[PDB]
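Asks: Dropping a structure here in structure tokens format, bear with me for questions.
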Amino acid sequence: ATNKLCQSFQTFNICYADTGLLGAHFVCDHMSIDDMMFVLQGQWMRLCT
Amino acid sequence: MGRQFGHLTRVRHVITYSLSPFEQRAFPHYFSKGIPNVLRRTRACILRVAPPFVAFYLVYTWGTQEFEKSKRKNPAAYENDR
């Protein structure tokens, strides 16, 4: 929100019987995909570490 | 440098699929299809690559042969005799 990276983004955890889709989904400009996928994965590695 | 992903070109209605490098073998069917491939590749170029260099060897095998023949003496001892 500070530098207007994405139009939208959210985190989901779809659960199934023995599998799932844990990740995130974001909506952004055509010149913001790399700039947010870099900070999206950067946030994931912060919790892990 | 004024050029990067995002404005390179306009691509429409093209879907690509790819696998994780850890879910696929690095050397799949190496000699099963790679060797028959190289035979295909070599034939496609041996008619444009070999003849120019085959001629050079012919020049080599003759230019060097004549050079030794020049250094070899010739029987021109006549007109002097004993």
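Every residue, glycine as well, gets a Cβ built from its backbone with ideal geometry; the counts of neighbours run over all protein chains shown. Laboratory data are not the source of any read-out in this text; all were calculated from the coordinates shown.
Asks: Quote the relative contact order of chain A in percent (integer), defining contacts as alpha-carbon pairs under 8 Å separated by 6+ residues.
Replies: Rounded, it is 34 percent for chain A.
Asks: Using Cβ contacts closer than 10 Å as the measure, can you line up B:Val54, B:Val14 from fewest to most?
Replies: B:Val14, B:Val54
Asks: Which Cα, out of B:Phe22, B:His7, B:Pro51, lies furthest along the positive dipole direction of the stretch B:1-66 (beta carbon charges, K/R +1, D/E -1)?
Replies: Final value for the positive-end residue is B:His7.
Asks: Report the trypsin sites (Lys or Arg not before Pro) located in the stretch B:1-59 that are in a DSSP loop and have at most 16 other Cβ atoms inside 10 Å of their Cβ, or state none.
Replies: Hits after loop and neighbour filter: B:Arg3, B:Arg10, B:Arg12, B:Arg25.
Asks: From the Cα gyration tensor of the protein assembly as shown, with a ≥ b ≥ c the square roots of its eigenvalues, which class applies: rounded if a/c is under 1.5, or else prolate if a/b is larger than b/c, or else oblate?
Replies: Prolate is the answer for the protein assembly as shown, as a/c is 1.5 or above and a/b outweighs b/c.
Asks: For chain A, which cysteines have no disulfide-compatible partner, meaning no other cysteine Cβ under 4.7 Å?
Replies: That list is A:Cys15, A:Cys48.
Asks: Starting from the stretch B:47-82, pick out the chymotrypsin sites (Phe, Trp or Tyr not before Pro) whose DSSP state is loop and whose Cβ has at most 11 other Cβ atoms within 10 Å.
Replies: B:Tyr78
Asks: Work out the length of the dipole vector of the protein assembly as shown about its Cα centre, built from +1 on the beta-carbon of each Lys and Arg and -1 on the beta-carbon of each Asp and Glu, and round it to the nearest 20 debye.
Replies: 600 debye
Asks: Mind running the shape call on the stretch B:3-76? Use the C-alpha gyration tensor, a ≥ b ≥ c as the square roots of the eigenvalues: rounded below 1.5 for a/c, prolate if a/b tops b/c, oblate otherwise.
Replies: Prolate, since a/c reaches 1.5 and a/b exceeds b/c.
Asks: Sticking with this one: In chain A, what chymotrypsin sites (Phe, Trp or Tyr not before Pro) fall in a loop by DSSP, with at most 16 other Cβ atoms inside 10 Å?
Replies: Sites meeting the loop and neighbour criteria: A:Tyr16.
Asks: Can you give me the C-alpha center-to-center distance between the stretch A:1-42 and the stretch B:35-53, rounded to a whole angstrom?
Replies: A separation of 50 Å, based on Cα centres.
Asks: Based on Cβ point charges of +1 for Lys and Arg and -1 for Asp and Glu, what charge dipole magnitude is obtained for chain B about its Cα centre, in debye rounded to the nearest 20?
Replies: That gives chain B a dipole magnitude of about 440 debye.
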